[PDB]
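Beneath this line is the structure, given in structure tokens, with notes to follow.
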Amino acid sequence: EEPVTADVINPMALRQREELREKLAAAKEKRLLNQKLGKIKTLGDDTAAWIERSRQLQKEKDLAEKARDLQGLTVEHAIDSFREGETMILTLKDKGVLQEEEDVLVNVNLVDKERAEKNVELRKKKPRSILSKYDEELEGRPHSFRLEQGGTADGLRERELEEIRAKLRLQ
Amino acid sequence: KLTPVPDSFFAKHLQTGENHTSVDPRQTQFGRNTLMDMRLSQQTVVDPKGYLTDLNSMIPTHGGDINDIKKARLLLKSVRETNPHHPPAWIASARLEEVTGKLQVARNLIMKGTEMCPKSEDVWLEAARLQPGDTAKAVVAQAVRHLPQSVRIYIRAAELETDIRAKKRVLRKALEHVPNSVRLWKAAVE
Amino acid sequence: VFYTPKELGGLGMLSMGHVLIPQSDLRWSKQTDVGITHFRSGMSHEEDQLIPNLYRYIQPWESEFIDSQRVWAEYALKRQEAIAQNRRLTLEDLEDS
Amino acid sequence: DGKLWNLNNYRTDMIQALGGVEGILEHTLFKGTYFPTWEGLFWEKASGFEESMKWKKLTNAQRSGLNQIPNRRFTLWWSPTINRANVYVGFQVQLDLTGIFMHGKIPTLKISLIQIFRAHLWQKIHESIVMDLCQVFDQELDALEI
Amino acid sequence: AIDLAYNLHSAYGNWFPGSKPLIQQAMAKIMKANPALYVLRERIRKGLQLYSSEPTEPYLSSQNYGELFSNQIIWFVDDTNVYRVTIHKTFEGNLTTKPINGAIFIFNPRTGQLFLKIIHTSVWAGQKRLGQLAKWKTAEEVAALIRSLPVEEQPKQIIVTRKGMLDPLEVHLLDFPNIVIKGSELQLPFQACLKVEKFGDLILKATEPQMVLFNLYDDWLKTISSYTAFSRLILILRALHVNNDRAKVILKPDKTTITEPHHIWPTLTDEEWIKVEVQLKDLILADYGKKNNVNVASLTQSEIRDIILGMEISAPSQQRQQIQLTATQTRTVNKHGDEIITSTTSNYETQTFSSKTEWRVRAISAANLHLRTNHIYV
Amino acid sequence: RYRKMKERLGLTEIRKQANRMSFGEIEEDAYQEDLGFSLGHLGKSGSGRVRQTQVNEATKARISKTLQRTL
Amino acid sequence: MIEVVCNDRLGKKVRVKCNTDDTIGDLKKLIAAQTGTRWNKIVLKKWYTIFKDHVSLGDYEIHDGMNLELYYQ
RNA sequence: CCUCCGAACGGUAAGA
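Below you can see the structure in the form of structure tokens.
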């Protein structure tokens, strides 16, 4: 057709541009620090009367001698998966340090239970959004919920009320 | 049989490089990390190990031992964001930026480390060696001002400032702070 | 295929000839949500592009000798400055040259 | 003496003359690899098999047939440009298990293309796309009035 | 039309209401996600020897698990239990939540010295980022402790259970280039060692974070080797990861079971150790079979080894192995386009669709239609 | 014997890393005497590891038995 | 104005300048001019694929320099 | 001003 405007992607020129930008920013920071490090005197008068000063200083010092932090944290487990009255320990999920992602809590035992259940389904599954079968491949989804204020997660009451409403509609 | 080349060949080829940060002014036209917590090593089964501190290894020994310089830079950036009161994290970041031959960035980073972690020693006397001349003198003056005035940075000031005309004043200002140091008395006496 | 650096997959050869790139080679296209969009570098009534000749990127011997003399003259003075200030050349004094 | 020549500007201007990464990589199978971006990728100058076979007491005829893998890989990388019918004017020939037309006997590329479309991959791609379109038309048959 | 060498797609022809956007979205999703297209792309990638940002580190797997038992000193740095919290859903109401003290594992398999570093909750006071601080704190303590031993006890290679620790350890050990920091394919059950009630009773009720030393080879080294003690420990820890309560009963075959406070494991003899190991192995296999619906007698030897050591790989439906005869008459053309009728037997365009509009599928859906007449929504 | 001979001829990490080459990141041509000689991810600050790789002791060059007895 | 080589391998190898907007009929007329066979008695193939007269040269992606196999009707 | 527009081959899968 009439091909549109295209910027040439040059990796070497890009690296040279970044190097120049970094050098200019470093020079700016150097001069700013020099402005800051100028207003402070660098004295870090005589000899014998200085010893007299020291004697006076010795006299002077002699006279002087005489659950809230867990708000907003995400748990990568279904709420129903927790049995009632059982204390479960949640560990922090492994994340790369060079990865900005919200911290997630996870219990290892629930994880291997979920993996076993998924494999059971996969063996059972012997072979709607548009082409929903590719949602796992495209977007990559464990059930999760977020802790509220005080670390308390109160969401099962809403689901119970929904179930009660559905049953009442059935009745 | 073929028996490929020893790994020492690749090691020496990649070692050729990482040249130097400075040159002795004698060659003519033709001629790092923390160590801030140790723990004493020594019935019942529980053993609280008393932990001590030597807080750095000041002298720069390691050099050019970094592969993936930008990955290491990102990692040390992450360290300094997550643990900004960690003096040797800043020390290692400054030494890494100094190793590559990026002196000014290392100087700025050690300035930010001194600003952010001032209650330490080795950060100040490594900023003194990274900063040149009068800037180093001002940095030592700041360290003397804030750090509670009973330290070795005073001998650093006396060493780097000037001749006896200013060395005497530096030693006087040192001895005026905690007048009990034998080294300061020995330096002032001669 | 010949003059693409080996990192990008080409042979990466150096040219002392006068090889021309036809305008049909500097055009491409990409697929997006709104169909296919066509790009090209040599867009307009331009002169035929030559791959760069190696000669322009080598400093001639005379210029290099004059620059060598000037550079080492500067280095001698910087070394004298380093001696007089009890410091060593910190790779920043010798950064311009 | 030191390295009395630097070739960074030469390579920079060469990539600029060739159109940059976008202008170069469309002569290649890069878009057929479907990598999201070219940033973090890397090459392998020798495969595991080709490296392991570099010293195994092979005959001269076996080694001669093993120093051709780099050429085959180079030819396959630049295949969308070497096999073009603009270059190599002449009759085109179709590989009898795929829709690939060979504009010239390029033996170091015919083999790399026979390997890629082994086990009737062309027919399986067509069948998979047909079945995926059938499914998407099936999920939309009340609104689509089918 | 699909361009496979350039991954392009287009469509020309007649359109009917609702067809153009439908095909646009369908083709956008198909080109991005397709088994056969993925196979083609992966095959091109392998042919070109072009890989994506994964230069593999040294990797401890189930195949090189034997080399783990050499004479050099190994460590097993673990930060799984650095940030630990407890919840329980009381059946009346909301979810209680209490953070507890964490632990850092520096277990050594050659001598059994389990180095523990406890973490008080106070360190997690005003930290917007928990994972990065956990990683960097654990690496800091690793390098702090690695400098306290002499050169003859420092590790020759360090193995980290969690892959996300690879980067921090390689930064905190820059001054120490000789120790090879290695990954781990197989999930070592080292988070289960806090399930021992001594460790829990210590950590849960501890403050002022301090280092402590243990020994998981209590008196075993007097009678058994080092990598027999390690294998026994691995079995016990896998069991405690599995149940932690059934294995608690198994760890006491009698009621005396003199587990003196001087050490951690019960003082038991080797002949009874064989039997209790057999019971423990049976427990692990029985739990694996219960969870995965497999037969314990059907497991092979290497299967049991992989079960005990780490974990096993699954197989999703998206993973396709696209890598009797029914003749079919089709109206085709020959090479010259002569409009012939052929009878083929190659099974390459025979996949029946049979979706939502077939007499068989419709009748199968109509089955059980009487059971769908319960909730009569008037 | 087989283990030792496999370890000697094995592809060490430093030699494994020189086999690779970054995509699109153009290296400077060190070693005038032979262009095309390039280390891989050894020092190119590409996608390698943070620390420098260590030389394998098994690849160290040694002399023969007859040569030693003549020495 | 692109240039297409229309080759018959026995021998009729001909070089024809044509426009991209040209349909295959116009290209066949030019080949008729340069070969002597009547334009409606000329078939342009791509190894088995017959180019149809009503389709422009741009649609077939017959670019400047491409060879087209010459057959007869 | 510049008008000299060339060609064929080196392009066969081997089988059933």
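Chains as they are written, first to last, in UniProt numbering: chain S, 148 to 191, 198 to 219, 251 to 311, 331 to 343, 345 to 375; chain R, 178 to 208, 247 to 257, 265 to 412; chain W, 1315 to 1411; chain G, 1461 to 1606; chain D, 1704 to 2026, 2038 to 2092; chain E, 358 to 428; chain X, 1 to 73. Virtual Cβ for every residue (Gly too), placed ideally from N, Cα, C.
Margin query: Pop quiz: residue 274 of chain S and residue 1915 of chain D are said to be a contact at Cβ under 8 angstroms. What is the actual Cβ separation, rounded to whole angstroms?
Written below: For a cut-off of 8 angstroms, the C-beta gap from residue 274 of chain S to residue 1915 of chain D is around 24 angstroms, too long to register as a contact.
**Prompt:** Are any of the Cβ atoms in chain G nearer than 8 angstroms to that of residue 2019 of chain D?
**Reply:** The Cβ of residue 2019 of chain D sits no closer than 8 angstroms to any Cβ of chain G.
How about residue 85 of chain X and residue 14 of chain X: are their beta carbons less than 8 angstroms apart? Examination of residue 85 of chain X is not possible in this model, given that chain X is present from 1 through 73 alone.
*Residues of chain G with a CB under 7 angstroms from the CB of residue 1752 of chain D: which are they?*
Going along chain G in sequence order, the residues near residue 1752 of chain D (Cβ under 7 angstroms) are 1503, 1504, 1507 and 1533.
Does the CB of residue 297 of chain R have a neighbour CB from chain S at under 8 angstroms? Yes, residue 297 of chain R lies at the interface with chain S (some Cβ there is under 8 angstroms from its Cβ).
So residue 173 of chain S and residue 327 of chain R are in contact, right, with Cβ under 8 angstroms, and what is the actual spacing, rounded?
-> With 8 angstroms as the limit, residue 173 of chain S and residue 327 of chain R qualify as a contact, their Cβ atoms being about 5 angstroms apart.
Practice task
Inspect the CB distances between the stretch 354-366 of chain R and the stretch 379-386 of chain R and report whether three or more fall short of 8 angstroms.
Solution key: By the criterion of at least three beta-carbon pairs nearer than 8 angstroms, the stretch 354-366 of chain R is in contact with the stretch 379-386 of chain R.
At what residues does the alpha helix (DSSP H) containing residue 1952 of chain D begin and finish? Note, residue 1952 of chain D: alpha helix (DSSP H), 1949-1953.
Residue 1712 of chain D in three-state terms, based on DSSP: Of the three classes helix, strand and coil, the one that applies to residue 1712 of chain D here is strand, per DSSP.
TODO: Output yes or no for whether 8 angstroms exceeds the beta carbon distance between residue 363 of chain R and residue 346 of chain R.
DONE: Contact flag unset, no.
* **Span of the beta strand (DSSP E), counted from its first residue to its last, around residue 6 of chain X** => Note, residue 6 of chain X: beta strand (DSSP E), 2-7.
Indicate whether residue 1477 of chain G and residue 1337 of chain W have their beta-carbon atoms separated by less than 8 angstroms.
Result no, Cβ atoms of residue 1477 of chain G and residue 1337 of chain W do not sit closer than 8 angstroms.
task: Note the first and the last residue of the continuous beta strand (DSSP E) segment covering residue 1802 of chain D.
output: Here the beta strand (DSSP E) through residue 1802 of chain D covers 1798-1803.
From the DSSP output, in three-state form, read off residue 296 of chain S for me. Three-state DSSP puts residue 296 of chain S in a helix.
Review point. What do you reckon, are the CB atoms on residue 1794 of chain D and residue 354 of chain S nearer than 8 angstroms?
Key: 8 angstroms or more divides the Cβ of residue 1794 of chain D from the Cβ of residue 354 of chain S.
Exercise. Start and end of the alpha helix (DSSP H) containing residue 1490 of chain G?
Worked result: Segment 1490-1493, the alpha helix (DSSP H) holding residue 1490 of chain G.
inquiry  = Assuming residue 2043 of chain D is part of the beta strand (DSSP E), what are its boundary residues?
reply    = Looking at the DSSP string, the run of the beta strand (DSSP E) that includes residue 2043 of chain D is 2042-2046.
With C-beta atoms as the reference, is residue 1777 of chain D less than 8 angstroms away from residue 1859 of chain D? It is a contact, given that the beta carbons lie within the stated cut-off.
Exercise. Can you check DSSP and say which residues form a bridge with residue 426 of chain E?
Key: According to DSSP, which records beta bridges pairwise, residue 426 of chain E is partnered with nothing at all.
| field | Collapsed DSSP secondary structure at residue 1820 of chain D in the structure displayed | value | Three-state DSSP puts residue 1820 of chain D in a strand.
- [ ] Label residue 211 of chain S either buried or exposed according to how many other C-beta atoms from any shown protein chain fall within 10 Å of its C-beta, with 16 as the threshold for buried.
- [x] Taking a 10 Å sphere around the C-beta of residue 211 of chain S, we find fewer than 16 other C-beta atoms and assign the residue as exposed.
- Measuring CA to CA, which of E:389, E:361, E:418 and E:411 is closest to residue 375 of chain E? Among E:389, E:361, E:418 and E:411, the Cα nearest to that of residue 375 of chain E is on E:411.
Residues of the stretch 1530-1555 of chain G with a CB closer than 7 angstroms to any CB of chain X: list them in chain order, please.
Per Cβ criterion, the list reads 1545, 1546, 1549, 1550, 1551, 1552, 1553 and 1554.
Chain E contact residues for residue 190 of chain R, given Cβ-Cβ distances below 7 angstroms
Simply 396.
> According to the Cβ coordinates, are residue 1872 of chain D and residue 1845 of chain D closer than 8 angstroms?
Replying inline: Contact check for residue 1872 of chain D against residue 1845 of chain D passes: the beta carbons are separated by less than 8 angstroms.
* Around the C-beta of residue 1595 of chain G, are 16 or more other C-beta atoms found within 10 angstroms, so that it is buried, or is it exposed? -> Burial call: buried.
Residue 1947 of chain D versus residue 296 of chain S: straight-line alpha-carbon distance, rounded
A straight-line Cα-Cα distance of about 15 angstroms links residue 1947 of chain D and residue 296 of chain S.
* Asked: Just how far apart, CA to CA, sit residue 312 of chain R and residue 318 of chain R?
  -> Cα-Cα distance, rounded: 10 angstroms.
Nearest-angstrom Cα distance between residue 2042 of chain D and residue 2058 of chain D?
Going from the Cα of residue 2042 of chain D to the Cα of residue 2058 of chain D covers about 5 angstroms.
Margin query: Let me see if you follow: with CB-CB separation under 8 angstroms, is residue 1355 of chain W close to chain G or not?
Written below: Taking Cβ atoms only, chain G reaches closer than 8 angstroms to residue 1355 of chain W, which makes this a yes.
Could you give the residue range of the beta strand (DSSP E) that holds residue 1745 of chain D?
Premise fails: residue 1745 of chain D lies in the alpha helix (DSSP H), 1738-1751, not in any beta strand (DSSP E).
**OP:** Give a yes or no on whether the C-beta atoms belonging to residue 150 of chain S and residue 1481 of chain G are separated by under 8 angstroms.
**Re:** Going by C-beta atoms, residue 150 of chain S is not nearer than 8 angstroms to residue 1481 of chain G.
Contact criterion: CB-CB distance below 8 angstroms. Does residue 185 of chain R meet it with respect to chain E? Using a Cβ-Cβ cut-off of 8 angstroms, residue 185 of chain R counts as an interface residue toward chain E, since at least one Cβ of chain E sits closer than that to its own.
- Task: Select from the stretch 159-177 of chain S all residues with a C-beta closer than 7 angstroms to any C-beta belonging to chain G, and list them in chain order.
- Result: Sequence-ordered contacts of the stretch 159-177 of chain S with chain G read 159 and 160 [C-beta pairs closer than 7 angstroms].
Kindly confirm or deny that the stretch 1862-1879 of chain D and the stretch 293-312 of chain R touch, where touching means at least three C-beta pairs closer than 8 angstroms. The answer is yes - the stretch 293-312 of chain R touches the stretch 1862-1879 of chain D, with three or more Cβ pairs under 8 angstroms.
(message) Does the stretch 396-410 of chain E come into contact with the stretch 360-375 of chain E, if we say contact requires no fewer than three beta-carbon pairs (one atom in each stretch) closer than 8 angstroms?
(response) Touching, per the Cβ criterion.
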